[PDB]
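Residue numbers (the authors' numbering): 1 to 32. Don't be surprised by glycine CBs; every beta carbon is placed ideally from N, CA and C.
Spelled out as structure tokens, the structure:
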């Protein structure tokens, strides 16, 4: 369970690990 989160815009600290759908908006599952 690595520190990961879902957001529309992922900064350098959070690399793209996958994709998630929240509130119809396309969220990116980014982690480090």
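C-alpha gap between residue i and residue j, whole angstroms
i          : j          : result
residue 19 : residue 4  : 12 Å
residue 25 : residue 9  : 12 Å
residue 14 : residue 22 : 18 Å
residue 29 : residue 12 : 13 Å
Identity of the residues DSSP links to residue i by a beta bridge
i          : result
residue 18 : 29
Where the beta strand (DSSP E) through residue i begins and ends
i          : result
residue 10 : Unbroken run through residue 10: none, as it is neither H nor E.
C-beta atoms of residue i and residue j nearer than 8 Å
i         : j          : result
residue 7 : residue 27 : yes
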